[PDB]
Amino acid sequence: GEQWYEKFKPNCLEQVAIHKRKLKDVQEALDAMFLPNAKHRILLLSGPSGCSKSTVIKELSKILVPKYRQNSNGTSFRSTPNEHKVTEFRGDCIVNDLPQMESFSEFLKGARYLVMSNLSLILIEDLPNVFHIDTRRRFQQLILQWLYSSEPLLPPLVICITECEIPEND
Amino acid sequence: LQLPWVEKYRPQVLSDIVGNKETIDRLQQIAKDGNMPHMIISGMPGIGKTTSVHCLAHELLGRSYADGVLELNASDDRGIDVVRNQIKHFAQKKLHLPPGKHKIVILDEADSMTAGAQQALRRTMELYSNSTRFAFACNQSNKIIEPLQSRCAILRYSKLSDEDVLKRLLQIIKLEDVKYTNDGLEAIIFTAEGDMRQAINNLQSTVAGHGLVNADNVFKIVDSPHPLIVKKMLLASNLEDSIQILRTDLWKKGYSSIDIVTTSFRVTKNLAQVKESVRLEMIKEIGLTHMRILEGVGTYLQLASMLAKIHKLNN
Amino acid sequence: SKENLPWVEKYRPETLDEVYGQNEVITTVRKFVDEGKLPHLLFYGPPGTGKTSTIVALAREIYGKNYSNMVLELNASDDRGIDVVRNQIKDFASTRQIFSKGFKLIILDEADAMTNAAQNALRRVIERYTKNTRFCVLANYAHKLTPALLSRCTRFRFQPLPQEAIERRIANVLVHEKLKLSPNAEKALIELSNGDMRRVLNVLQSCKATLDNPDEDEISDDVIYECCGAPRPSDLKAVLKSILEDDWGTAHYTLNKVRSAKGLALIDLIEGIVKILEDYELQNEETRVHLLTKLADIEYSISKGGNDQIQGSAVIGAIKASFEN
Amino acid sequence: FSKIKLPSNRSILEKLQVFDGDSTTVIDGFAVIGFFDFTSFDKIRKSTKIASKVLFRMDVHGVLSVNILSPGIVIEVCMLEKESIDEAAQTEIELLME
Amino acid sequence: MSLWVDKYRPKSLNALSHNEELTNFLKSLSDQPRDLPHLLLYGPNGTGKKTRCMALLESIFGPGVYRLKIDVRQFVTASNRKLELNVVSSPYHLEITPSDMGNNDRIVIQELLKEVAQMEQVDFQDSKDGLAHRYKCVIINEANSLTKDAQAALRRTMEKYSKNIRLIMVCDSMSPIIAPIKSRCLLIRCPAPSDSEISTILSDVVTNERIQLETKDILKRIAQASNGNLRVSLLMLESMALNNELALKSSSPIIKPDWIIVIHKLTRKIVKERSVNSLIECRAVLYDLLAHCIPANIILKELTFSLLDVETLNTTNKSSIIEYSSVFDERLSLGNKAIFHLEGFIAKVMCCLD
Amino acid sequence: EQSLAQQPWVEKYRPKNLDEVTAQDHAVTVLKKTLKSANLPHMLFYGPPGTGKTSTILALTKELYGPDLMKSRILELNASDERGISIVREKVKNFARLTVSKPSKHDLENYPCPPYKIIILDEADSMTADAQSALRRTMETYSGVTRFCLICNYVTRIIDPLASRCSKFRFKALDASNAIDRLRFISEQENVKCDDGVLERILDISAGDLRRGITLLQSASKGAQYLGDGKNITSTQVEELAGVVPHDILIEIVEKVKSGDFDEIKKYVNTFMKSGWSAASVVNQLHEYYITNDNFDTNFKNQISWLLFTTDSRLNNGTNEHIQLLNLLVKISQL
DNA sequence: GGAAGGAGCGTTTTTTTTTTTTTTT
Ligand SMILES: Nc1ncnc2c1ncn2[C@@H]1O[C@H](COP(=O)(O)OP(=O)(O)OP(O)(O)=S)[C@@H](O)[C@H]1O
Ligand SMILES: Nc1ncnc2c1ncn2[C@@H]1O[C@H](COP(=O)(O)OP(=O)(O)OP(O)(O)=S)[C@@H](O)[C@H]1O
Ligand SMILES: Nc1ncnc2c1ncn2[C@@H]1O[C@H](COP(=O)(O)OP(=O)(O)OP(O)(O)=S)[C@@H](O)[C@H]1O
Ligand SMILES: Nc1ncnc2c1ncn2[C@@H]1O[C@H](COP(=O)(O)OP(=O)(O)OP(O)(O)=S)[C@@H](O)[C@H]1O
Ligand SMILES: Nc1ncnc2c1ncn2[C@@H]1O[C@H](COP(=O)(O)OP(=O)(O)O)[C@@H](O)[C@H]1O
Ligand SMILES: [Mg+2]
Ligand SMILES: [Mg+2]
Ligand SMILES: [Mg+2]
Ligand SMILES: [Mg+2]
């Protein structure tokens, strides 16, 4: 009982349902971001539901990450090449020794290390519970700190926000 | 004790559900096939949405209904923590089911779910759609956020016709051995206004009250829907007729002025015959009267003045 | 202890036989309890028609004199948010009876004051536990109730009290007390009741207080008007006649004198004149339109205070202009 | 579903009796199951903290009485049982106990 | 130094120089101030109501009433919104302007004033034995700007604690004052000074400042331009004297508030051209005026009376203008956003003129 | 002597017992007989400003309980207090459920001491509708030990269920016919010398408000004492103190309106508003002048009555006095 | 060489009470 939208998902960038000019703009922006001293640190993608934001990001990563990832000096976690081109944040993850609002803070503190031979594209689609005021403030502070960070090396950070209206709730 | 007829005669199978014949046939097809996708069921109260979803789940999962169905509604805790823990653990559960069958998460009254929980459900649906499927039930389909709607097949239920209501009422009467007359069933259907829960409740009340379901016996307890009375009042060509209707049929029967004005606004919103200018002027007058009533002047004189202004607008 | 209570509470019906003016509803509920097939109930009606009294009497009949142990009553004076519905109401509805005394009863008095979220939470609580529990909702304003809750409940309308029921209750009160009431006084009391028994009882208590010697003095219509400070029908008729026949100065003087004789309020005179004119045979329909609009405007202005003399002159001028058409 | 079983020894379970719902006839092989919401069952934890002995007594009407003995402080807690037990819960309980 | 408005401020009842009947009434009030009722002074803005209130307080207590300090009182709303109010205090009286807190003014009445009313003022007697008690005087500036809730909250505070407190409210119009509050106060009308008295005061200031005046007609023209507002008269006198090297002449221009000239230009534009684009330009002017925190009702009144002065307009146009002004003034009073009503008034005027 | 003379006359002469309340006998009789019947119902006093509602309830409580017992049997809340839904559901409910306090032997021997408490909600019309609804079942459930007294000026602001629950008492307006005796007694107590008819003029000006009349009398007495000439107070002085426009100014306004020239009316109104006259008083005087004039026809009187009503409503809404007055005068001129 | 089709534009954001969820404890 496989669903069609997953069964017939694109297997290459050529099959992504994206306007050509928008695809070119996104690809150029990401490729520039992958530079050693790229001017842009965060790529923010916004739009309506189901417009191929995450899909195009993943398809572009599948090509960009191998191109720019440095070859390991005979070192890796497991025998396989560790195909982890995209590192995604999980908002429902709960660990024993961590307050909820700090979870995102932890994620970034790890994501910082995924550079050079450990290069990976950081994707933020499942955001933290930004409806909580304190959580939203912490999220904004973390984003600002990433933007203003003095670290010489950082991985490209892509934030995909699906814009929708919140129906009135009792 | 004996259960009320509304709950006693709740259908157990899809075949016993009347109305929305195409929709019920599609549900039966899904039940006999197995590959159930994420679905949303929208419609007005008391037309079989909860019954349809529960019957579909029961038929799909057979003996495995207990361990394969997770039901949550507005009376249970359904916050973001619930999505994070209970729904997540249920979706992660490895359950052996017949080929083409999946675990079902029923979210009744899903419209009332909080924004944070709805946003959290996105990742759950994305990750655990292979083994889990979601059946949302609501009255307003637009109250479910668009990202969730994007994954679900929409299914809108229409108001039940008089024929299906009569058919199921006859089935219930045959089961209960109830003496009746045709006019009584017509009156019950007219008062039900397409809501079958109300139809069954009124039938039970009438059967208890007198035993024989006649039009006069039906109208002794059940009253004609007041929206139709309000429409007749508004459409009266003479101010005297409108005032007489307002007095005899609404005010003397105990209907509150606030209810009368709210119903008047709702009815005027759907007056097809009237022109747009007249309709908007009537809406303005109704709103002014409503503002006066909210301040505390909920008197019959204010409603009479509103009717007079509406009649002036007509002329 | 009952003697010290106000008459509105002292004469609260204790059994369903004491509830008057609701014969159809009362018979239906009585026979439902006789057959033990009570459904979820909604009692919709205006103030002081016997909804709370009827439901309490039904609970007493069902559970005898120990109804307080298996009846959960909640009203607007208690918090009834979604948390309350989730915890307290749900736990009560999902627990067994004290002594297996059939089903439990939950009364939500003044449910039109509950929030939308709580009402939405109530739907599945009502549906799931129907076997063990039955819900009763009471309301004066149906527009505050969600469509689902209305659909789940069997509706009963409490009409404004008919005259005969009020007369029977008044006779019962008069035999209880050592009080005498005149037929004209009773007619005036019914007319001013507007189908509310609370008003009847309060006005009767005030009238008894007014009597110098209640052991022998009889209550007349004059006593009722004094206690309520309301205009007499003759005063309204005279004011209307002067407005519709005499000149502006004469009408102004007549209104001022009629008001100063007993300190009558202008709003009461307006209401009485409106009631009188509602029966007038008008050959021109624009007159009714102008009367209704202008008098409603004057009533709304009076509700916010303002100048009394200007408002009275406005009433006079509005009536004259309307009838000049 | 988890289980906590008290030992069948005269130091934690002094005595246990099932009377078939009349307090007189002792019946063997019959199991009495009482379903409660933890929000109410847990309210006796503070009393048990100081308790020296506890006596459970359940009747047929779904009422459970806990007598706590700590000259002394004596506590009585009376609670009502839930309306009914779901099929899944009954199956899980039977599997746990067998 | 200090502005001439404050430099020559009278500091006593005997120092007053216009509206002698009001001065005599105030003096009569101060003869036996023990049973002084609550006072409500109403009159046109800038006529000297605060000055007369201070003179009465000085007569009752002494010059020390003029030694004023400022404190900040912190309030917290239900939503935890923290905000502050300025309390002007002297050893004998307090001064507050609750309207500065907008819709939260009622809080000021419920918490601060009530407390002031509840705390009885007692002091050790210097000579006699036992304590001595004196009621506190409180001034409420801009009383007519209070919300109805604050006015309602004032009632029982004024009544129950009359021993410990006496209120002196000041307003420009009594129309927004609820009837219960007016019932609880002694109402004092404060007429504006006549042109002759304004000219006399201005001439006294000129003599004090050694400013050369060509003729006294300049003072009369300034008084006419001020429309009875003595504060404005003094401010324009100072501005004209400074801009003319302290030598006034008949040719010296009369300086008026900038927003007034802006409204005059708006009126001229409205009369000249009447179209949708003209209406949009008028809306831009109105928004610019509102950006300076000019009250909407004041803008409407000034625009209406500027329009009524145009000579080309006829009787029918003026009648329609005043009708629309009244209707839209009521709408502003009952409304939430003033832009709708001002734009509607301008549109109606454009329709009537064209 | 100074201590007694340290209060405004309105508070100084507030009625102490129910006997001192004037012109409200229709309700005072019932309240008085309640002292013997001990059958006090829930009360809803409603009426225009300064008619004796708060005074009546305070006197009733004092007579029922006394100086000592009152402190434990009375709970008073007014507009100056917080009265949200939470307050109604917690504090009012707790007090209504409180057990009746034990009277002392002195209290029992000196006062009736009925076996219930009293909750007074002054200015009840300021409470929200939801908060009012929160009182409905509290009033009924605890009527055996608690009685409620709501007081208001606008009865329509009280929700219908609460009005139904409460026995209603309408306080009448106090005018020169029913309140003259109290004002004359107050004047005699203070040795206020006035010309014949001055008290009636004060009562007529006050328009149903005895508090305003007492304040006006006190102001006139203060003026006379300061003058110290020994002459009796005059109606002209009372009118001047009350803010009544002089007859000559009203006549000038009437002639200007009769002329019908918009510009002259505008100039005269601009000059007139400098004096600071309250628009309400001018409108009332114009209504009195025109409505009682015999030189105008029926149509004119109808139109002017409607115009005056509209202007008065607009002013009550809190509008600019100058604009409304000019509009009214222009409209009358076009009649 | 005309359509037809499509992209980018046209933006910012507390406040009264009352109720509710969320998070950390
Ligand atoms: N040709 C296609 N192009 C793009 N997406 C496709 C295509 N075929 C199938 N899909 C699927 O359609 C879905 C929509 O694409 P997404 O990129 O996930 O949507 P979106 O723009 O990210 O908005 P949200 O936030 O996911 S609701 C994905 O699950 C894709 O795998
Ligand atoms: N189509 C139908 N056929 C037969 N009985 C029906 C039908 N619709 C409603 N009923 C009866 O009404 C009862 C309630 O049906 P539900 O499906 O729970 O109502 P609903 O459509 O879910 O309305 P909401 O959204 O829950 S308020 C059932 O138990 C039946 O007795
Ligand atoms: N049908 C009736 N028969 C006899 N007395 C009645 C009747 N209805 C009301 N009363 C009297 O009025 C009192 C109030 O009745 P309730 O039933 O509490 O009013 P209600 O119908 O609940 O109105 P609401 O909705 O609470 S404002 C009772 O205690 C009786 O004294
Ligand atoms: N009926 C009366 N008899 C005697 N004095 C009265 C009467 N009414 C008012 N007064 C006087 O006016 C003062 C105020 O009386 P209140 O009882 O507070 O009037 P009120 O009805 O409460 O006015 P509101 O509604 O609060 S504006 C009293 O202290 C008396 O001096
Ligand atoms: N009798 C007077 N002699 C001289 N100046 C006066 C007199 N009365 C008022 N003023 C001046 O008018 C100015 C404003 O008066 P103010 O009391 O602020 O008006 P408002 O009544 O608007 O409060 C003061 O600065 C004061 O100098
Ligand atoms: Mg995606
Ligand atoms: Mg449903
Ligand atoms: Mg009730
Ligand atoms: Mg009062």
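Note: ideal-geometry Cβ built from the backbone for every residue, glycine included; neighbour counts use all protein chains shown. Just so you know, all these numbers are worked out from the coordinates, no wet-lab data involved.
Points to keep in mind about this one:
- Cut-off 11 Å, label 7 Å out along Cα→Cβ of D:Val32, residues of region D:40-81 by amide N: D:56-65
- Taking the average, over residues, of other Cβ atoms within 10 Å as the packing measure, peptides E:153-163, C:220-230, B:147-157 rank E:153-163, C:220-230, B:147-157 from highest down.
- Residues B:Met36, B:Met196 arranged by fewest to most Cβ contacts within 10 Å: B:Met36, B:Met196
- Shown in residue order for region F:236-241 are the 3J(HN,Hα) couplings computed by the Karplus curve 6.51 cos²θ - 1.76 cosθ + 1.60 at θ = phi - 60°: 5, 5, 5, 4, 4, 5 Hz (x for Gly and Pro).
- Secondary structure note: in region E:4-189, about 45% of the DSSP beta bridges are antiparallel.
- Residue with peak Gaussian network fluctuation, chain B [Cα springs, cutoff 10 Å], from B:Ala135, B:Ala74, B:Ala272: B:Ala272
- Counting Cβ atoms of other protein chains within 10 Å of each Cβ in E:37-45 and taking the mean gives 3.
- Qualifying chymotrypsin sites (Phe, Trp or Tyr not before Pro) for region A:62-128 [loop in DSSP, other Cβ within 10 Å: at most 12]: A:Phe77, A:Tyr113
- Listed by chain and number, the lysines placed with their C-alpha closer than 23 angstrom to that of B:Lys309 are B:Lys231, B:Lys232, B:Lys252, B:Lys269, B:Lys275, B:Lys284, C:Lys275, C:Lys294, C:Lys304, C:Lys320; residues fewer than eight positions away on the same chain are left out.
- Separation of alpha-carbon centers, region E:21-50 and region B:208-253, rounded to whole Å: 65 Å
- Ranking of F:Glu200, E:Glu311 by neighbouring Cβ atoms within 10 Å, starting from the fewest: E:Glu311, F:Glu200.
- Size-normalised alpha-carbon gyration radius of region F:1-174, reference 2.2 N^0.38 Å: 1.04
- Measuring nothing but how far apart in sequence close Cα pairs (under 8 Å, 6+ apart) lie, relative to its length, region B:1-160 scores a relative contact order of 36 percent.
- Cross-link pairs beyond the 22 Å C-alpha cut-off, checked among F:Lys12/F:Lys222; B:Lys179/C:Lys104; C:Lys2/C:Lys178; A:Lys9/B:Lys32: B:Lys179/C:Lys104; A:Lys9/B:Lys32
- Placing unit charges on the Cβ atoms only, positive for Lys and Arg and negative for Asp and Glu, gives chain E a dipole magnitude near 540 debye about its Cα centre.
- Highest GNM mean-square fluctuation among A:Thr75, A:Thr87, A:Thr135, for chain A modelled with Cα contacts below 10 Å: A:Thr75.
- Placing pseudo-labels 7 Å out from each Cα toward the beta carbon at C:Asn69 and F:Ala38 gives an inter-label distance of 3.4 nm.
- At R0 = 35 Å, FRET efficiency that the Cβ-Cβ distance of B:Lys94 and D:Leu13 yields, to 0.05: 0.40
- Global geometry of region C:162-230, whether rounded, prolate or oblate, following the gyration tensor of its Cα atoms and the 1.5 cut on a/c: oblate
- Note on F:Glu109 and B:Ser277: their simple-model spin labels are 8.6 nm apart, each label 7 Å out from Cα toward Cβ.
- On Cα atoms only, tilt of E:20-29 relative to the major axis of chain E in degrees: 30 degrees
- Applying the Karplus relation 6.51 cos²θ - 1.76 cosθ + 1.60 with θ = phi - 60° to region D:79-94 yields 3J(HN,Hα) values of 9, 9, 8, 5, 4, 6, 10, 5, 4, 4, 5, 4, 4, 5, 5, 4 Hz, where x marks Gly and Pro.
- Cα-based helix-to-principal-axis angle, C:308-324 vs chain C, degrees rounded to 10: 80 degrees
- Mean separation of Cα pairs under 8 Å and 6 or more residues apart, divided by the residue count, gives chain E a relative contact order of 15 percent.
- For F:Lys93, the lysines whose Cα comes closer than 17 Å to its Cα, not counting residues fewer than 8 places off in the same chain, are F:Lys117.
- Candidates E:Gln151, E:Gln74, E:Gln110, ranked by Gaussian network fluctuation over chain E, Cα under 10 Å, top entry: E:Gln74
- Note on E:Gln121 and E:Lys269: their simple-model spin labels are 5.2 nm apart, each label 7 Å out from Cα toward Cβ.
- Shielding of peptide A:148-157 by partners, expressed as the average count of other chain Cβ atoms within 10 Å per residue Cβ, is 0.
- Put a plus charge on the Cβ of each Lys and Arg, a minus charge on the Cβ of each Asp and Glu, and nothing anywhere else: the dipole of region E:262-311 about its Cα centre is then about 100 debye.
- Legend: ranking of residues C:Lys262, C:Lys51 from fewest to most surrounding C-beta atoms inside 10 Å; resulting order C:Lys262, C:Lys51.
- Sites C:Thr250 and F:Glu1 - FRET efficiency at Förster radius 45 Å, r taken between beta-carbons, to 0.05: 0.25
- Computed over the protein assembly as shown, the alpha-carbon pair-distance distribution with 20 angstrom bins reads 7, 26, 32, 25, 10, 1, 0, each value a whole percent.
- With a 10 Å cut-off around each Cβ of C:141-153, the average count of Cβ atoms from other chains is 5.
- Applying 1/(1 + (r/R0)^6) with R0 = 41 Å to the Cβ-Cβ distance of E:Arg283 and F:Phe296 gives a FRET efficiency near 0.40.
- On Cα atoms only, tilt of F:180-189 relative to the major axis of chain F in degrees: 80 degrees
- Whole-Hz couplings from phi, Karplus 6.51/-1.76/1.60, listed for region A:162-168; x for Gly and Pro: 8, 8, 8, 8, 8, x, 4
- Kirkwood-based shape ratio for region C:231-325, expressed as Rg/Rh from alpha carbons: 0.93
- When the pairs E:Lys216/E:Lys265; B:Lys103/D:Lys43; E:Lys49/F:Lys274; E:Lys265/E:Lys301 are compared against a 25 Å limit on Cα-Cα distance, E:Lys216/E:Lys265; B:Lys103/D:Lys43 fall above it.
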